[PDB]
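Working notes, beginning with the structure itself.
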Amino acid sequence: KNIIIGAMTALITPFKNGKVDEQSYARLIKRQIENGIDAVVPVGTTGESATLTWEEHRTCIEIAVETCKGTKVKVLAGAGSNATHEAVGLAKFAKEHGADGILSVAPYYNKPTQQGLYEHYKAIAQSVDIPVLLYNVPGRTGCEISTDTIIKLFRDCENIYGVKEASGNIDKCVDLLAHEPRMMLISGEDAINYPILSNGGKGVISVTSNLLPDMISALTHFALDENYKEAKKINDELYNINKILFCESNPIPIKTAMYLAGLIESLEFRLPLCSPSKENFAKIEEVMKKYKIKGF
Amino acid sequence: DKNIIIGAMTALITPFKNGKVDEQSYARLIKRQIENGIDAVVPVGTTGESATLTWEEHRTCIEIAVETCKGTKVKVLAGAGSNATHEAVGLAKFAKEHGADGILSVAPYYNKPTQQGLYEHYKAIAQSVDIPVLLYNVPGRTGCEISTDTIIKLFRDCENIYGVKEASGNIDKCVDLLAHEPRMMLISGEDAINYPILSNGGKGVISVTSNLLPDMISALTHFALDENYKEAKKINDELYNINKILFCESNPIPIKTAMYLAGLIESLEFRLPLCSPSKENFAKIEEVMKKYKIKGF
Ligand SMILES: [Mg+2]
Ligand SMILES: [Mg+2]
Ligand SMILES: [Mg+2]
Ligand SMILES: [Mg+2]
């Protein structure tokens, strides 16, 4: 299978006066490239995909594709929906905009059955010829892609090559790779990046890497090179910031941190997301001081 | 003070035939609800597969509901909600413009706004129209919860917001809500516990079961509203088996299966990612239905 693995960043989407700051978006991706990142994920959850128009989806994907051109950094585009017909269309659009692959979130809110999840992703995989990474995050979607469903999709569909897991369930990570060791298990939960990698996961899709791309890329590359002592050391150092970046729902804390670091010009969200509380604003700022933040 | 929409209400299924909304069937199903004592119908909610309908299909279903209820007492409480506030405001404005009597607006799903974000979300919705707004809390589907404090603030701060449809399995929260703000309309969004919610001062239901058994749900609600709790509880107890089997798989898979088994819709068709139930659950649904008298057309 064609795969997209390694250290990846779920990119924030900076806003300035209610519009996507396209220059800031390009500068942030170039910053990721210069700090060892292997792929970027535009318009995912951390990028506020729910509140972006389709034209803004296309713009962000195009900026990512063309900023990464000629650098070997891949673009794993967020392209998913809780309506299969729409998810198929988003997969095709992402392929047309130049993405190297897609990250396709499990259907949220309508709680499909395992059979429904299988038919959903099978329709997506058959619509394109680029890699498809499943995304399991039951705390947000209200459903879970079971291990049996993930493994069936991996084996039955050429393009489906693994799964991003954000489920706080290292037992499931053992379950997946013990029964199907050929799949690419990707960490979607920064605080446990090292445990997932040390069990044979092959990458991360990171929130923290928006702020500390060098540290997350180093962590991942230490781990893939089987230097677990050094990968764990970074994972341990990062725990405090990895936890504070979820003191409110992602991406509220990470955008706050990027703003505090001078990496984006304005702390702007689209409703229903909004600024954190003043208490959590102060907590984020104090935790950041312990970390060396790369500039541009 | 506030304009309200209460009583026995039905979360309408959306029938499909050959991949399209069966518009004739939809109208015939709404008339059946009206004729069996239902006080309001909810087009294109979750039970109506709102997620997989196009906007043109959203408009069509709301227009059919509005047209079918004209000249009756039955109200149209349109599903109009989104996890993007800008879109939820437009859907609310569009539902009002299409003639809906009020809107049911689900809490933002998937992106997990904070309580402050939820407050600003619903305030923007409420300020965009002049028709009643009912909040919808269903944390098992959205991944977030509208807290009691947030609900009460919205009820008190926004003229149009008159209550909440709760589907949280949390009778403690129902006490909390009506004890601190007894003026709000608490609406059951969970059929099995319709009677407990009503008996604590809830003023209506938005029901899945009433798609199949509208006369029974209507009777339950109106007995309860008249404080004939013995009759309301008796119906609630009798309905427990069907109320539970209708969630053996994710709603609306079981209810559409039951409606098809009763001959009330022509085709057992969903839009992916929804699909037919397992053969075992299909049989379980069929067996439980045999204990109930299902009204025809
Ligand atoms: Mg590399
Ligand atoms: Mg949409
Ligand atoms: Mg038709
Ligand atoms: Mg009476």
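What follows draws every value from the coordinates through simple rules; no lab data is involved. Note that each Cβ is placed from the backbone with ideal geometry, even for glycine, and that neighbours are counted across all protein chains shown.
Points to keep in mind about this one:
- Annotation for residue B:183 and residue B:115: the two label points, set 7 Å from Cα along the Cα-Cβ direction, are 2.1 nm apart.
- For the range B:156-173, the Karplus equation 6.51 cos²θ - 1.76 cosθ + 1.60, evaluated at θ = phi - 60°, returns couplings of 7, 8, 10, 3, 5, 6, 10, x, 8, 9, 9, 10, 10, x, 9, 5, 4, 5 Hz by residue, with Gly and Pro reported as x.
- Note on residue A:26/residue B:59: beta-carbon distance plugged into 1/(1 + (r/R0)^6) with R0 of 35 Å gives a FRET efficiency of 0.35.
- Seen from residue A:16, the other residues with C-beta closer than 12 Å to its C-beta sum to a net charge of -3, counting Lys and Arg as +1 and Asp and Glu as -1.
- Normalised per residue, the volume of the convex hull around the Cα set of chain B (Å³): 119 Å³
- The protein assembly as shown, Cα convex hull volume normalised per residue, Å³: 144 Å³
- The range A:6-288: relative contact order in percent, alpha carbon pairs under 8 Å with at least 6 residues between: 18 percent
- Over the residues of the protein assembly as shown, the helix contribution to mean residue ellipticity at 222 nm works out to -13000 deg cm²/dmol, using -39500 (n - 2.57) for each DSSP H run of at least 4.
- For chain A, a Gaussian network of Cα nodes joined below 10 Å ranks A:128, A:43, A:75 by mean-square fluctuation, and the top entry is A:128.
- Using a Förster distance of 30 Å, the FRET efficiency for residue B:291-residue A:85 (Cβ separation, nearest 0.05): 0.20
- Straight-line cross-link reach from residue B:70 at under 17 Å between alpha-carbon atoms covers these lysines, not counting any fewer than eight positions away in the same chain: B:31, B:96.
- Distant alpha-carbon pairs in the range B:200-242 (separation over 15 angstrom), percent: 35 percent
- Ordered by the count of other Cβ atoms within 10 Å of each Cβ, fewest first, B:285, B:235 give B:235, B:285.
- If you run the Gaussian network model on chain B, springs between alpha carbon atoms under 10 Å, then out of B:114, B:47, B:209 the most flexible one is B:114.
- The mean sequence separation of alpha-carbon pairs under 8 Å and at least six residues apart, normalised by the residue count of the range B:1-146, gives a relative contact order of 21 percent.
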